[PDB]
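**Q** One structure is given below, represented as structure tokens, and several questions about it will come after.
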Amino acid sequence: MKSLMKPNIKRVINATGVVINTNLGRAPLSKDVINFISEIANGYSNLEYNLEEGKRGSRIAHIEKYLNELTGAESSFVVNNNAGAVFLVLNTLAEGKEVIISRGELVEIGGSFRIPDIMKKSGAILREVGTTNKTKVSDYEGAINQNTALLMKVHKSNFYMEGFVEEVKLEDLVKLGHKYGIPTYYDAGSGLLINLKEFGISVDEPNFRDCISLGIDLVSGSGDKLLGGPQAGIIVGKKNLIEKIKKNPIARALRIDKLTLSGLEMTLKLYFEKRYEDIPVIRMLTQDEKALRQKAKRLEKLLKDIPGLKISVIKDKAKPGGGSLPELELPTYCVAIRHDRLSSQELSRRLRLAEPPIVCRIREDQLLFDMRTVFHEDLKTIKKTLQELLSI
Amino acid sequence: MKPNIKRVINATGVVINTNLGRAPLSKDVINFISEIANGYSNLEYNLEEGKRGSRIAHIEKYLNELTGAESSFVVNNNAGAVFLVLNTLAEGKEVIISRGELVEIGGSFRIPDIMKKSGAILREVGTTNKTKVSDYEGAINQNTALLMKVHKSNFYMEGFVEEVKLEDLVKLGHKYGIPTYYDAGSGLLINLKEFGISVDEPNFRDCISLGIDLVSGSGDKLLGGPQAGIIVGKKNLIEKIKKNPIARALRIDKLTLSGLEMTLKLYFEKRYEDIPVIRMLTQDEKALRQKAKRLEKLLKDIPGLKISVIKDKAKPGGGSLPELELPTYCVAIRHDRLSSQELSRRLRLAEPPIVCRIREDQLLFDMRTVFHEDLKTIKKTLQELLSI
Amino acid sequence: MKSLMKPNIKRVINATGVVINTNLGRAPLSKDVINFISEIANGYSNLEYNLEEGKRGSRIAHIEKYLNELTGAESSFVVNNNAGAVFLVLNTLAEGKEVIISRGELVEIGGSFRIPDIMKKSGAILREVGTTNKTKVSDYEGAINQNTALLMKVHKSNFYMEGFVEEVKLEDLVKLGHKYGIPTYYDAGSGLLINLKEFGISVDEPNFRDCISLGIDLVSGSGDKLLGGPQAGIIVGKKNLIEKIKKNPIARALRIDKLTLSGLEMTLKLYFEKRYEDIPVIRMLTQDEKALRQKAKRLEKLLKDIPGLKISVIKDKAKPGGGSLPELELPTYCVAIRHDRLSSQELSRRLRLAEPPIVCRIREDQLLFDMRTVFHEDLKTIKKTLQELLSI
Ligand SMILES: [K+]
Ligand SMILES: [K+]
Ligand SMILES: [Pt+2]
Ligand SMILES: [Pt+2]
């Protein structure tokens, strides 16, 4: 009420070394993108407009061409967020009909998003198969009947399983779907655009391009995860299906705003131009082990002067991607600090309440600043923030 | 001259090994079984009265004292237990259960598959990774017969994950007048922290003192006995369960009966070092190194053999404590002429067979699961393979 | 509790002369077998493993080879007990369908096992035909219909009938089944492995090999009866059917334990090796009359010196099989004893309270020891046990 003297949203210095952070706003955007967003929003535009023909035009039009080239899909479409994509794909293709999905992929992502809950709401009929931990091909096949509208796979973005476990290979799903003439729908969630192994990160994570050339009929994902774009629900695949989807009156309630759209176009342009270093989420996961040290030591050089301050620099295995690559472990350089008068728990608590705030990881009352997620300009702001707190 | 079922030297350092026969028994238990099996017995007989008597009666007594439950029963195996609990209490009725507890343990056992064959009507709630208490309460209606919970014995989840506190389930059950059933699976009898192993693993006694109306579990896992389906809890329910005709098809044999009777005695006599599974999991890190270097001593003299001793963290419990990681001393070996993959293959086809881990062409003998008498047989076996 | 300090199951010397004794544990095992059981229990093993392939394997595998060869069936399977086999056979092949069976074969064996009761819990539907005493082929055929799934015969193991009686020849059943294309299931119950007349005991009792070569599609039986092994439900027959059965999820609830599997295998190996004398239940039923006498007078020799003891040796007709051959009447030599101070009712009572206990027959205040079921090592122990009770 009296907090209305200032906006509650503030920039925040991320030292958790966690690149995709559900809590801290997911993917940050490059300055290139943001200016472009800024430019389009400052006045009028050709949002819904064809300057060639002097008539109204589709907004999606702008984007879809990039997506089809980059992923290789026959057509594409973009809605508010992946939650909605999932929703839309189901309500559109499977209303009143059965959707076969593994008992192990019925996930909850975030607080309010639960596959079965949203699937129910869609109008779709959930046919669950296999077991929590193991699901075989026979499980999918067995549930096929006259009323089967769709074979579905969700990628477990936020958690993973270990031990006695089994999963169906996507090849097999497509094979299966082809054989019964049932469409395959893959919610990959991460919105990874192309293979990770190209940037020197070896992982199995599915990307649009590859899962499309594998013959999956529809593939969706979030824009603000491994795409490192703004928030969006990205769908790509068979033209016939996308079309039924674009037609669903619901797809108008899910229609993206001019800010995300513009931001998403530029992000795609960057990809087209192979400018990966210019989209933060990728730059951050691809950063050189030496550059992390270089940064860590650069920070330590700034903090020596501060009183009661114990400063070290460690080398550690961390899990950088939070809402995308949970199994992934990459080495990074954290800068560890300790204070005499204050427990690290109270230091951390004081740092969050600072302006601007700083969020970091703690281990055994040893305070860690993971360099992975820390920008150049933040260094200077960490020093000024620390001496103001400790030297008061 | 070879029978197909043979003693196998376990070097996998995996204590509860679903492949290699789960829990090995103590020579104390074994001889006892041997005695009861060698002639006739009072299996179903009352020597006081000179008439027929109950075969479980004694086992139940043990269990009732050790867990604290009103009554109890014992069937062929926990799959059976699960089948009988559901078939008896939930036929045509709905059983509420977490989408994250619908497990497959082994090749043949799937909660939803057996449950269906049960007659029970599966009402699945929550999500794979996160299930809340609301979820259970929500699926409660006129036809709800059971709030069920299955312990994830053979796999685990990491990351964003949620689960309902057992206490909350009991409260819930008590609130709506619905009985609660817990398939612990591992059949842990008492609290682990007693043997200096700190884990949250649920045990019969605690889960019973918590107010769970029924608890089940295998006899050949963390209880370290012979195969069995153990059920303990409210008397009125067990009564219903004993009365079901199917419980006759599930009736335990004289061997596991005797074996189980002895295993429980040891427990009553707090002799935990005399039940191998517990002894193996509680063994001293020095005793493992001691055992490791003792074996290396015997292997030096064999040709082509590179012998080292390492220190590694292993996950000892296979079908029971999947999260658990304990350190142990593996004796590592390699040969010049033969690849470790080929050497392991030749060890399996030996008499007696030897099963080991492979890590980067380094053959490993994890001492955790290896017995004293096994050392001398390994030597004799290795030299007969290599120098021949 | 106080009675907990010691186990309640104890070895017990059987002088009832009743070989298959429902109360005293049924079939005892030879030491060869027990040793083998002890060996496989003492440590780890190949239970569910393939040492050739270095991966998991079926446990049953080991056994099936033996059963298939011994009985001459295509395929076989082994569950917990014959009750379970019966339950499993029916729940697999006859759920919701009709099973035709003679009104004379609806049996209660044990206290807890009733065909019609378990068949009901089976899901199978009972179509009972004929009458108690007489049943003709006509009855069977006349009840066949669209929902007929199975023709079933249950062997009356624990009772028998005399007088005006009729029964369908197995051959005709098979012939009837082949006619309408209906499978025929025989619950032998006794699980006798080979024809008895080979050992000089002339009886009609059915065995596995003979009932299989007669074209019965499935035959089941107990392991701890006339097979002389540990407890088990043994099914043998047509592969196509065993297959369907093996795949029933319930068959995992009835999966046999490491101990009985071990014991079973050794038992069977003894059969392959044709060492019948090394399986107690066959040895005891085939014992020579002279041998029983020999044994009876060797006992009398030991007891003469005991005070107050009157000892004679008689020759009597007894009924050795309790739960398998109720008709069988065989001559045996009992050793009869009488005391002047103690009533035989009080003397038997004390003998059961001994360590080890001793259970015998009482007839008109005379105490009988039937040599059929008494081992050689038990004689000495009966001497020492008697003098301790009578002298003390
Ligand atoms: K929006
Ligand atoms: K058993
Ligand atoms: Pt008592
Ligand atoms: Pt006592």
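In the structure tokens, chains take the letters A, B, ... in the order shown, each chain's residues start at 1, and ligands count up from 1 in the order shown.
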With a distance threshold of 7 Å and counting only C-alpha atoms, extract the residues of chain C near chain B and express them as a tab-separated table (two decimals) with C-alpha atoms, in the first residue's frame.
**A**
```tsv
chain	number	residue	atom	x	y	z
C	4	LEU	CA	9.77	-66.28	22.30
C	7	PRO	CA	11.50	-71.27	18.25
C	8	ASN	CA	8.28	-73.29	18.15
C	9	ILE	CA	9.04	-75.35	15.03
C	10	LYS	CA	11.07	-78.37	16.10
C	11	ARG	CA	12.13	-81.66	14.59
C	12	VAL	CA	9.64	-84.32	15.51
C	13	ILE	CA	9.96	-88.09	15.36
C	14	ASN	CA	7.07	-89.60	13.51
C	23	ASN	CA	0.22	-82.20	10.27
C	24	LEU	CA	3.86	-83.24	10.60
C	25	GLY	CA	5.21	-81.26	7.62
C	28	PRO	CA	10.83	-84.72	4.40
C	29	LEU	CA	13.91	-83.94	2.34
C	30	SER	CA	17.03	-86.05	1.81
C	31	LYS	CA	20.25	-84.66	3.23
C	34	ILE	CA	19.16	-80.02	2.20
C	38	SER	CA	22.03	-74.82	2.46
C	39	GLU	CA	24.78	-74.13	-0.13
C	40	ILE	CA	22.66	-71.80	-2.29
C	41	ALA	CA	21.31	-69.98	0.78
C	42	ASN	CA	24.62	-69.46	2.52
C	43	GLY	CA	25.75	-66.82	0.01
C	44	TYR	CA	24.91	-65.15	-3.27
C	45	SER	CA	23.90	-67.10	-6.37
C	46	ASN	CA	22.69	-67.10	-9.97
C	47	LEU	CA	19.00	-67.10	-8.91
C	48	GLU	CA	17.88	-64.52	-11.44
C	49	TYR	CA	20.99	-64.38	-13.62
C	51	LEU	CA	26.21	-66.45	-16.21
C	52	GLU	CA	26.68	-66.99	-19.95
C	56	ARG	CA	19.40	-60.97	-15.59
C	62	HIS	CA	16.90	-73.80	-14.30
C	80	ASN	CA	4.19	-71.35	-4.68
C	81	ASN	CA	1.84	-74.31	-4.12
C	83	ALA	CA	-3.57	-74.14	-4.64
C	84	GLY	CA	-1.86	-71.25	-6.35
C	112	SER	CA	-8.59	-73.59	3.85
C	113	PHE	CA	-8.72	-74.93	0.30
C	117	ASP	CA	-14.35	-71.29	-3.26
C	118	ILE	CA	-11.04	-70.63	-4.90
C	231	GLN	CA	6.36	-77.24	-1.37
C	249	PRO	CA	0.95	-60.53	-13.13
C	250	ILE	CA	-0.50	-62.70	-10.39
C	252	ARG	CA	4.66	-62.93	-9.59
C	253	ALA	CA	2.68	-62.98	-6.37
C	254	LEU	CA	3.08	-66.74	-6.50
C	257	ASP	CA	11.44	-68.73	-3.14
C	259	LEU	CA	15.02	-72.33	-0.96
C	262	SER	CA	17.01	-75.11	-4.92
C	352	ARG	CA	5.30	-85.24	22.61
C	353	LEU	CA	6.76	-82.96	25.26
```
**Q** Name each residue within 8 Å of ligand 4, counting only C-alpha atoms and all ligand atoms, as a ChimeraX atom specification.
**A** /C:1-5
**Q** Give the strand (DSSP E or B) residues of segment 129-189 of chain A, as DSSP finds them on the backbone, and put them as a count of residues only.
**A** 21
**Q** Need to verify the contact set: residue 280 of chain A, 9 Å, only C-alpha atoms, exclusion of same-chain residues closer than 3 positions in sequence. Can you return it as a PyMOL selection string?
**A** chain A and resi 19+27-30+228+276-277+283-285
**Q** Kindly export the residues of the current selection with N, CA, C and O atoms, as a CSV table (one decimal), in the first residue's frame.
**A**
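What follows is the written file out.csv:
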```csv
chain,number,residue,atom,x,y,z
A,19,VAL,N,22.3,-20.5,-14.3
A,19,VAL,CA,22.0,-19.8,-15.5
A,19,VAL,C,20.5,-19.7,-15.7
A,19,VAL,O,19.9,-18.6,-15.8
A,27,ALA,N,15.8,-16.5,-18.5
A,27,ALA,CA,16.8,-15.9,-19.4
A,27,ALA,C,16.8,-14.4,-19.4
A,27,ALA,O,15.8,-13.8,-19.7
A,28,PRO,N,18.0,-13.8,-19.2
A,28,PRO,CA,18.2,-12.4,-19.4
A,28,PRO,C,18.5,-12.1,-20.9
A,28,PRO,O,18.8,-13.1,-21.7
A,29,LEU,N,18.2,-10.9,-21.4
A,29,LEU,CA,18.3,-10.6,-22.8
A,29,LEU,C,19.5,-9.6,-23.1
A,29,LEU,O,19.9,-8.8,-22.2
A,30,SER,N,20.0,-9.8,-24.3
A,30,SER,CA,21.2,-8.9,-24.6
A,30,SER,C,20.7,-7.5,-24.9
A,30,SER,O,19.5,-7.2,-25.0
A,228,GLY,N,17.0,-18.8,-24.7
A,228,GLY,CA,17.5,-17.6,-24.2
A,228,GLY,C,16.9,-16.4,-24.9
A,228,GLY,O,17.5,-15.4,-25.3
A,276,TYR,N,26.0,-16.5,-31.3
A,276,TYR,CA,25.6,-17.1,-30.0
A,276,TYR,C,26.1,-16.3,-28.8
A,276,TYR,O,25.3,-16.2,-27.8
A,277,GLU,N,27.2,-15.7,-28.9
A,277,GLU,CA,27.8,-15.0,-27.7
A,277,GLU,C,26.9,-13.8,-27.3
A,277,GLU,O,27.0,-13.2,-26.3
A,283,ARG,N,25.9,-17.8,-23.9
A,283,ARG,CA,27.2,-17.3,-23.5
A,283,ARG,C,27.6,-17.8,-22.1
A,283,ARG,O,28.7,-18.2,-21.9
A,284,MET,N,26.6,-17.8,-21.2
A,284,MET,CA,26.9,-18.2,-19.8
A,284,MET,C,27.1,-19.7,-19.6
A,284,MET,O,27.8,-20.1,-18.7
A,285,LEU,N,26.6,-20.5,-20.5
A,285,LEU,CA,26.8,-22.0,-20.3
A,285,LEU,C,28.0,-22.4,-21.1
A,285,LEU,O,28.6,-23.4,-20.8
```
**Q** Using DSSP on the backbone coordinates, identify all residues within segment 251-345 of chain B classified as alpha helix (DSSP H); present the result as an MDAnalysis selection string.
**A** chainID B and resid 254:268 276:282 285:299 340:345
**Q** Can you tell me, as a VMD selection string, what residues are no more than 12 Å from residue 297 of chain B when counting only C-alpha atoms, ignoring any on the same chain fewer than 4 positions away?
**A** chain B and resid 290 to 293 301 to 302 307 to 309 331 375 to 376 379
**Q** Give me a file of those residues, with C-alpha atoms, as a short mmCIF file (atom, residue, chain, number, x, y, z; two decimals), in the first residue's frame.
**A**
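Writing done, so here's out_37.cif:
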```cif
data_model
loop_
_atom_site.label_atom_id
_atom_site.label_comp_id
_atom_site.auth_asym_id
_atom_site.auth_seq_id
_atom_site.Cartn_x
_atom_site.Cartn_y
_atom_site.Cartn_z
CA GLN B 290 41.97 -55.42 5.97
CA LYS B 291 40.08 -57.89 3.77
CA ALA B 292 41.28 -56.10 0.61
CA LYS B 293 44.98 -56.28 1.36
CA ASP B 301 52.50 -64.67 -7.25
CA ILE B 302 50.19 -65.19 -10.24
CA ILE B 307 47.19 -55.95 -8.55
CA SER B 308 46.11 -52.70 -6.85
CA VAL B 309 43.78 -51.73 -3.97
CA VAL B 331 40.83 -54.88 -5.03
CA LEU B 375 39.28 -65.41 -0.83
CA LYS B 376 41.01 -68.76 -1.12
CA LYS B 379 43.06 -67.45 -5.87
#
```
**Q** Any idea what's packed within 12 Å of residue 348 of chain C, counting only C-alpha atoms, ignoring anything in its chain fewer than 5 positions away? Could you give it as a ChimeraX atom specification?
**A** /B:47-50 /C:15-16,337-339,342-343,353-354,357-363,365-369,385-386,389
**Q** Restricting it to N, CA and C atoms, dump the selection as a PDB file, in the first residue's frame.
**A**
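See again38.pdb below for the written result:
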```pdb
ATOM      1  N   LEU B  47       1.816 -80.023  20.114  1.00  0.00           N
ATOM      2  CA  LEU B  47       2.298 -81.182  20.827  1.00  0.00           C
ATOM      3  C   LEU B  47       1.696 -81.285  22.217  1.00  0.00           C
ATOM      4  N   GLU B  48       1.201 -80.173  22.738  1.00  0.00           N
ATOM      5  CA  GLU B  48       0.541 -80.203  24.033  1.00  0.00           C
ATOM      6  C   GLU B  48      -0.770 -80.956  23.934  1.00  0.00           C
ATOM      7  N   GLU B  49      -1.604 -80.530  22.995  1.00  0.00           N
ATOM      8  CA  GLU B  49      -2.964 -81.028  22.885  1.00  0.00           C
ATOM      9  C   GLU B  49      -3.079 -82.272  22.021  1.00  0.00           C
ATOM     10  N   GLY B  50      -2.065 -82.539  21.213  1.00  0.00           N
ATOM     11  CA  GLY B  50      -2.090 -83.693  20.334  1.00  0.00           C
ATOM     12  C   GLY B  50      -3.015 -83.526  19.142  1.00  0.00           C
TER      13      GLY B  50
ATOM     14  N   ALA C  15       6.066 -91.576  14.452  1.00  0.00           N
ATOM     15  CA  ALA C  15       5.876 -92.995  14.571  1.00  0.00           C
ATOM     16  C   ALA C  15       4.465 -93.350  14.163  1.00  0.00           C
ATOM     17  N   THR C  16       3.748 -92.395  13.580  1.00  0.00           N
ATOM     18  CA  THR C  16       2.389 -92.639  13.110  1.00  0.00           C
ATOM     19  C   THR C  16       2.352 -93.559  11.902  1.00  0.00           C
ATOM     20  N   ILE C 337       4.471-101.034  22.939  1.00  0.00           N
ATOM     21  CA  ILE C 337       4.975-100.961  24.299  1.00  0.00           C
ATOM     22  C   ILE C 337       3.900-100.612  25.309  1.00  0.00           C
ATOM     23  N   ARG C 338       4.113-101.055  26.539  1.00  0.00           N
ATOM     24  CA  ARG C 338       3.155-100.861  27.603  1.00  0.00           C
ATOM     25  C   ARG C 338       3.933-100.689  28.899  1.00  0.00           C
ATOM     26  N   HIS C 339       3.462 -99.807  29.775  1.00  0.00           N
ATOM     27  CA  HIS C 339       4.107 -99.595  31.063  1.00  0.00           C
ATOM     28  C   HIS C 339       3.105 -99.881  32.164  1.00  0.00           C
ATOM     29  N   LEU C 342       2.634 -96.015  34.080  1.00  0.00           N
ATOM     30  CA  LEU C 342       2.069 -94.958  33.259  1.00  0.00           C
ATOM     31  C   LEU C 342       1.052 -95.446  32.235  1.00  0.00           C
ATOM     32  N   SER C 343      -0.084 -94.760  32.157  1.00  0.00           N
ATOM     33  CA  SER C 343      -1.073 -95.041  31.131  1.00  0.00           C
ATOM     34  C   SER C 343      -0.482 -94.620  29.818  1.00  0.00           C
ATOM     35  N   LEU C 353       6.134 -84.058  24.543  1.00  0.00           N
ATOM     36  CA  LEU C 353       6.763 -82.956  25.256  1.00  0.00           C
ATOM     37  C   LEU C 353       8.245 -83.160  25.404  1.00  0.00           C
ATOM     38  N   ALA C 354       8.731 -84.270  24.879  1.00  0.00           N
ATOM     39  CA  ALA C 354      10.147 -84.553  24.919  1.00  0.00           C
ATOM     40  C   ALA C 354      10.910 -83.689  23.941  1.00  0.00           C
ATOM     41  N   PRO C 357      10.439 -84.349  20.371  1.00  0.00           N
ATOM     42  CA  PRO C 357       9.134 -84.984  20.536  1.00  0.00           C
ATOM     43  C   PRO C 357       8.985 -86.282  19.767  1.00  0.00           C
ATOM     44  N   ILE C 358       7.980 -87.050  20.137  1.00  0.00           N
ATOM     45  CA  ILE C 358       7.725 -88.311  19.507  1.00  0.00           C
ATOM     46  C   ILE C 358       6.240 -88.537  19.433  1.00  0.00           C
ATOM     47  N   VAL C 359       5.721 -88.604  18.222  1.00  0.00           N
ATOM     48  CA  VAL C 359       4.294 -88.725  18.023  1.00  0.00           C
ATOM     49  C   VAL C 359       3.970 -90.102  17.499  1.00  0.00           C
ATOM     50  N   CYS C 360       3.113 -90.815  18.216  1.00  0.00           N
ATOM     51  CA  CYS C 360       2.748 -92.168  17.833  1.00  0.00           C
ATOM     52  C   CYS C 360       1.259 -92.407  17.922  1.00  0.00           C
ATOM     53  N   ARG C 361       0.862 -93.632  17.604  1.00  0.00           N
ATOM     54  CA  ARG C 361      -0.536 -94.009  17.611  1.00  0.00           C
ATOM     55  C   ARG C 361      -0.908 -94.657  18.933  1.00  0.00           C
ATOM     56  N   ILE C 362      -2.152 -94.466  19.348  1.00  0.00           N
ATOM     57  CA  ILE C 362      -2.660 -95.139  20.525  1.00  0.00           C
ATOM     58  C   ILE C 362      -3.840 -96.024  20.140  1.00  0.00           C
ATOM     59  N   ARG C 363      -3.843 -97.256  20.636  1.00  0.00           N
ATOM     60  CA  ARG C 363      -4.916 -98.196  20.336  1.00  0.00           C
ATOM     61  C   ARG C 363      -5.227 -99.051  21.562  1.00  0.00           C
ATOM     62  N   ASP C 365      -5.353 -98.403  24.862  1.00  0.00           N
ATOM     63  CA  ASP C 365      -4.343 -98.313  25.905  1.00  0.00           C
ATOM     64  C   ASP C 365      -3.099 -99.130  25.575  1.00  0.00           C
ATOM     65  N   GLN C 366      -2.788 -99.226  24.291  1.00  0.00           N
ATOM     66  CA  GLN C 366      -1.507 -99.768  23.874  1.00  0.00           C
ATOM     67  C   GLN C 366      -0.858 -98.772  22.922  1.00  0.00           C
ATOM     68  N   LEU C 367       0.451 -98.607  23.054  1.00  0.00           N
ATOM     69  CA  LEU C 367       1.200 -97.593  22.326  1.00  0.00           C
ATOM     70  C   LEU C 367       1.913 -98.181  21.119  1.00  0.00           C
ATOM     71  N   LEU C 368       1.674 -97.620  19.945  1.00  0.00           N
ATOM     72  CA  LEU C 368       2.224 -98.198  18.727  1.00  0.00           C
ATOM     73  C   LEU C 368       3.266 -97.325  18.058  1.00  0.00           C
ATOM     74  N   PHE C 369       4.358 -97.949  17.640  1.00  0.00           N
ATOM     75  CA  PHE C 369       5.370 -97.284  16.844  1.00  0.00           C
ATOM     76  C   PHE C 369       5.431 -97.925  15.467  1.00  0.00           C
ATOM     77  N   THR C 385      15.214 -91.575  25.152  1.00  0.00           N
ATOM     78  CA  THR C 385      14.087 -90.724  25.513  1.00  0.00           C
ATOM     79  C   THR C 385      13.139 -91.435  26.463  1.00  0.00           C
ATOM     80  N   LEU C 386      12.961 -92.735  26.256  1.00  0.00           N
ATOM     81  CA  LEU C 386      12.059 -93.527  27.091  1.00  0.00           C
ATOM     82  C   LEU C 386      12.601 -93.736  28.494  1.00  0.00           C
ATOM     83  N   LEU C 389      12.299 -90.820  30.754  1.00  0.00           N
ATOM     84  CA  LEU C 389      10.943 -90.500  31.182  1.00  0.00           C
ATOM     85  C   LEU C 389      10.461 -91.471  32.229  1.00  0.00           C
TER      86      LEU C 389
END
```
**Q** Which residues come within 6 Å of segment 182-190 of chain A, counting only C-alpha atoms, excluding same-chain residues fewer than 2 positions away, as number ranges by chain?
**A** A: 150-155, 177, 180, 192, 216-222, 225-226, 324
**Q** With distances taken over only C-alpha atoms, which of C:53, C:243, C:162, C:167 is nearest to residue 102 of chain C?
**A**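 Result for the nearest residue to residue 102 of chain C: C:167.
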